[PDB]
Protein chains: 2
Amino acid sequence: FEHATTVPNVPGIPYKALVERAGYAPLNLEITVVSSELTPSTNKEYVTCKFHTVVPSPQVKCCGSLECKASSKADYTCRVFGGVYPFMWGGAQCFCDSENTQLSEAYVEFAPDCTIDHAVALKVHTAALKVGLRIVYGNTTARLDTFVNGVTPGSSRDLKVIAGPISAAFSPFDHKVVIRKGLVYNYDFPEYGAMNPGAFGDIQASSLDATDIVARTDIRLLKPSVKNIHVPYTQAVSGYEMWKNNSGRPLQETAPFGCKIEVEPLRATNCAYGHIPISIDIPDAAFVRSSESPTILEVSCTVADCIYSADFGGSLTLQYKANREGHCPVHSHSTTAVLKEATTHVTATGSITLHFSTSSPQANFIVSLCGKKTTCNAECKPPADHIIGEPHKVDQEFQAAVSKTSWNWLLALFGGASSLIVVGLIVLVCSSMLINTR
Amino acid sequence: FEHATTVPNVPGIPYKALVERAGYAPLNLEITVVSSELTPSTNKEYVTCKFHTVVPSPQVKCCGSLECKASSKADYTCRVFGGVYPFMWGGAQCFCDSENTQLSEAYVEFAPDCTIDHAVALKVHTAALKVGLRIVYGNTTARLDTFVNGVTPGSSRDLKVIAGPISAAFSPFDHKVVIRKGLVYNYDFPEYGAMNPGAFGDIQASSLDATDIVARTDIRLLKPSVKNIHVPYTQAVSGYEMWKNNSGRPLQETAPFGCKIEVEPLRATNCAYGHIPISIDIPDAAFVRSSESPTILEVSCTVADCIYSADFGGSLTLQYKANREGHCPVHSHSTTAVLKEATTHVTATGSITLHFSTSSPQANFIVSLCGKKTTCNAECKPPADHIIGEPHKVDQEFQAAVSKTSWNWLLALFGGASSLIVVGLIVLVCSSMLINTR
Ligand SMILES: *[C@@H]1O[C@H](CO)[C@@H](O)[C@H](O)[C@H]1NC(C)=O
Ligand SMILES: *[C@@H]1O[C@H](CO)[C@@H](O)[C@H](O)[C@H]1NC(C)=O
């Protein structure tokens, strides 16, 4: 058989539904969202980390001349000076008032520790969802996993069940993000080849060990100092450490709907929001002919007690008469309240007690046992404890919290003087005619 | 110095512009789009190719029983039969009217040739552009390459020149595409894990040699035939060959703007459309003080001849008087027409001939030599040849094809009888007053 139904996005909340077919008992279908897996599409842009500068041995020409060449090293720079007398422990290596010249150069490369301290800039897009479901029909359980896209059915027993699309798309990921040491930070990094001294992503590389590298961090060389050979240099602090000191808090502590986010897939998990439609195909073998199912007689509904609460705090009682033995499912045809158990042993004249919960204190609804059903009305009270994190609001409110007493007061309240007004107008017309008699 | 200017997207079309500074000769700047490189962002979804089925040696139980197990092979299926008498050249291996049983199984894997015949489904998005430019300022040439994004300046001589964003985004790539043997076909492939027998992408794999594989192509086993052991099977033709017979023509022959598309970067090249703004910084050293530049006197414009055409079919002549020797640039301050050369040797009283082209046959405009300028008016005729692919329409039309004669006819055409109407009304008022005199 075939059926369809919509379920809200939420993990570990069984929903119980019925499929009705004349001549066959209505099977109880249990649907649970075991887990959620939102996986977007990712693109790698470039890596970055703390950098180490290079101060190579200088190129000193004793009583000659030199120049400022070019090279492919990232942040490569050169500069030359003349009339320099460098010294050293053995003495002065060379002195020529003008002919001496010194040439210095500088570049940079990722530090050796970068291999593990590196962060990466990611371009993300097109959030896609993967959902794991547990579906039980007639004590026939099945574990399945599928995308929410309406095209693909996940394979479980070769039963193709379609679902989606998502009611409303939610994505804590911004189009641009950064990843570091298992943490994901929402940030707007600059484009590849776009750098700013003292800013994040001052150094770039397609790979952690790629030979090609590019950066720009305001490295201007300084003139040689007094009498001692060295290379006085200058450069702005790494943007990596700066951004680290002020990167902001991780997205782990800011995502809505309690997302659980992991890096190696760059995905979210157990993050719930929205609703999903589902199409379900069922073999007719699983179905049971009604005559095989037991029949019931003169069943009554009795509310032992019920306090409005969050857990299955509502309790009900049922007295039934039957001509057969076996099992029947039970269902709450009214959405406002939902049971906790599916079926139970039956009896010729036995009675049972049932658990349930509701979104309103007004326990007025109808409930079905076997194929028959009976009404159930009562009042439930709010609880004392008002703070718990266990599953709650399994059903959303439908402005049905309005008590029957409030409806009674409202109905008798609204006036109907307009009828008196019309009667007054009619008698006015008749009296006007009578006066016209004169 | 700094300047800005917008240029249309087109390859190999030098544009000549001027930067004006009092006390400095206006340098001639030449801008050419050497090439274009549009590179989008790509995501790999799954591979596919022709498949080969597997018919393993059957599992035959001589006078016993068997079952239909499960396995992880793609399209794995099993089926069993009983009461079978298989035969073979040495005779009948076993016969038991009922106790004999036969079990067959079937699956599939990518064919060995797939390694080179494989096609891949790609998810593309976020088209990005890379542009190569050649810029010449004062016989100072520079070859640069940069993105059109307004943030990143390409590096060439360490001269940061920004450009973009694109005036209008164009992308022949659909969000979904397929690649095969160096060809790119625009197609809407199904999602990973979504298959249909006889349809494209019936077999999937994250890698060409990934052990994991999934497919569904309607493989139902057939009952054993008469007296001869074998495995009669059935299955639908590969969607790969079907799509090949009807894949449609390559995108190479359908993309607009003459895109040249390559696969290993999945990029387009030399595909022109739209306009791009550009910001250009220039060292003041390149600039030349005006006094250093030669001065000119009483220069006249003379049109030797001009036929409206596509190439530099317009010819002009200039007679000048100068007090200095050297060089000056020339420019067409009117967009409708553009020169072909930048500068020339100067003389105290010499004269020169110049080439140019235009988008209108009306050669009315002003042209600047050194810092001074002179007007130039004339009429150009359409050409005889009307079919050529060489660069043309270097300037877009600005409804200026309207000839001066047409304007003359239009001006004298439109009437002004409303003035006669007002005069008639005024004389009517005066005559009405005179009649009121009576
Ligand atoms: C499921 O219930 C049916 C009767 O409703 C019973 O015949 C069957 O054995 C049950 N299956 C399991 C696995 O309990
Ligand atoms: C460029 O032109 C200037 C004068 O306009 C000249 O001094 C210089 O040598 C030229 N450079 C080259 C490379 O021709």
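The numbering scheme restarts from 1 for each chain and tracks the written sequence of that chain rather than necessarily the entry's numbering. Residues without coordinates are not displayed. Labels follow written order: the first chain is A, the first ligand is 1, and so on. Here the displayed chains are drawn from a larger assembly, and the quantities reported describe the displayed chains exclusively. By convention in this description, side-chain values take in all heavy atoms of the structure and omit both hydrogens and water.

## Quick word on the relation of the copies chain A and chain B
Then step 1. To overlay the copies, their C-alpha atoms are matched by a least-squares fit. For the pair chain A and chain B, the best superposition has an RMSD of 0.0 Å and corresponds to a rotation of 180 degrees with a translation of 0.0 Å parallel to the axis. Both copies are brought into coincidence by an operation consistent with a two-fold rotation axis. Of the C-alpha atoms belonging to chain A, the one lying closest to the rotation axis is found on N43 of chain A, 3.8 Å away.
Then step 2. For this analysis, residues touch if any pair of their heavy atoms sits within 4.5 Å. The share of interface residues of chain A whose copies in chain B are also at the interface is 100%, consistent with both copies meeting through the same surface.

## Section: the pattern of salt bridges
Close approach of charged atoms lets side chains of opposite charge pair.
Then step 1. We define a salt bridge as a side-chain nitrogen of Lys or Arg found within 4 Å of a carboxyl oxygen belonging to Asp or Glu. Inspection of every chain in the model, using the stated rule, returns 18 salt bridges over all chains.
Then step 2. Of the charged contacts, one joins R180 of chain A and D117 of chain A as a salt bridge, the two residues approaching to 2.6 Å between their closest N and O atoms. One end of the pair, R180 of chain A, is in strand β13 (residues 176–180); the other, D117 of chain A, is in helix α1 (residues 114–117), with 63 residues separating them in the sequence.
Then step 3. With a shortest N-O distance of 2.5 Å, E262 of chain B and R267 of chain B are connected by a salt bridge.
Then step 4. The class for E262 of chain B is buried, based on a relative accessible area of 14%.
Then step 5. A network of salt bridges, in which partner residues are shared, links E37, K260, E262, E264 and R267 of chain A. By the criteria applied, helices consist of DSSP H or I runs no shorter than four residues and strands consist of E runs no shorter than two, each listed in order from the N terminus. Between buried and exposed lies partly exposed: a residue is buried under 20% and exposed over 50% of the maximum accessible area for its type, with that area taken using a 1.4 Å probe on protein chains only.

## Notes on the interface of chain A and chain B
When the parts come together, some accessible area is lost, and that loss is often what is quoted as the size of the interface.
Then step 1. Across the boundary between the two partners, chain A contributes 13 residues, which contact 13 residues of chain B.
Then step 2. Buried area is calculated as the accessible area (1.4 Å probe) missing from two parts once they are joined, with the contributions of both summed. A buried area of about 970 Å², summed over both sides, lies between chain A and chain B, and 59% of it is on carbon and sulfur atoms.
Then step 3. A per-residue breakdown of the area chain A buries against chain B is headed by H125, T152 and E191 of chain A, which together make up 29% of the total.
Then step 4. Between chain A and chain B we count zero salt bridges in total.
Then step 5. Counting of polar contacts relies on pairs of N or O atoms within 3.5 Å, with two restrictions inside protein: one atom must be capable of donating a hydrogen and the other of accepting it, and residues adjacent in sequence are counted only when both atoms are side-chain atoms. For the pair chain A and chain B, the number of links is five residue pairs in polar contact.
Then step 6. Those elements giving two or more residues to the side of chain A that touches chain B turn out to be β3 (24–48) and β10 (119–137) of chain A.
Then step 7. Grouping the constituent residues of the side of chain A that touches chain B by class yields four nonpolar, eight polar and one charged. Polar here means any residue other than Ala, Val, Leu, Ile, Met, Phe, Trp, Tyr, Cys and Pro, which are nonpolar, and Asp, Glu, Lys and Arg, which are charged; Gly is therefore polar.

## Structural notes on the pairing of strand β11 (residues 141–147) of chain B
All names here are of chain B.
Then step 1. Sheet topology note: the strand β10 (residues 119–137)/β11 ladder contains seven bridges and is antiparallel. Looking at β11, one finds that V136 is bridged to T141.
Then step 2. Connecting the antiparallel pair β10 and β11 is a turn made up of three residues, with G138 showing a positive phi of about 55 degrees. Strand pairing is assigned whenever DSSP detects at least two bridges linking the two strands.

## Some points on the packing of aromatic side chains
Residues and elements named next belong to chain B.
Then step 1. Aromatic contacts are taken between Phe, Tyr and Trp rings whose centres are within 6.5 Å, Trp giving its six-membered ring; a plane angle under 30 degrees counts as stacked, one over 60 as edge-to-face, and the others as tilted. Inspection of every chain in the model, using the stated rule, returns 26 aromatic pairs over all chains.
Then step 2. A ring pair is formed by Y46 and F189, whose centres lie 5.8 Å apart and whose planes are at 85 degrees; its orientation type is edge-to-face. With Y46 in strand β3 (residues 24–48) and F189 in the loop between β14 (183–186) and β15 (203–204), this residue pair connects regions lying 143 residues apart in the sequence. The same class applies to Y46 and to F189, which are both buried.
Then step 3. Ring plane angle 10 degrees and centroid distance 4.3 Å describe the contact between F257 and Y273, whose orientation is recorded as stacked. Taken as a pair, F257 in the loop between α2 (239–245) and β17 (260–262) and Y273 in the loop between β18 (267–269) and β19 (275–281) lie far apart in primary sequence, 16 residues in all.
Then step 4. Overall, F257 belongs to the partly exposed group, its relative accessible area being 38%.

## Section: the nonpolar core
Residues and elements named next belong to chain B.
Then step 1. With 32 residues, the main nonpolar core has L29, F173, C259, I261, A268 and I278 as its most contacted residues.
Then step 2. When contributions to this core are tallied by element, the ones reaching two or more residues are β3, β10 and β19.
Then step 3. Among the elements that take part in this core, β10 stands out by supplying six residues, more than any other. Side-chain atoms within 4.5 Å are what join buried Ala, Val, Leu, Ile, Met, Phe, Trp, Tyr and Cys residues into a set we call a nonpolar core.

## Some words on the state of the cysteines
Residue and element names in this part refer to chain B.
Then step 1. For the purposes of this analysis, a disulfide is any pair of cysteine sulfur atoms at a distance within 2.5 Å. Taken as a whole and assessed by the stated rule, the structure comprises 16 disulfides over all chains.
Then step 2. Across a sulfur-sulfur distance of 2.0 Å, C63 and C96 are joined as a disulfide pair. The S-S bond linking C63 to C96 shows a torsion near 80 degrees; that makes this disulfide right-handed. With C63 in the loop between β5 (59–61) and β6 (77–82) and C96 in the loop between β8 (91–92) and β9 (101–110), this pair connects stretches of sequence that are 33 residues apart.
Then step 3. Here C96 falls in the buried class, since its relative accessible area comes to 18%.
Then step 4. Between the sulfur atoms of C306 and its disulfide partner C380 the distance amounts to 2.0 Å.

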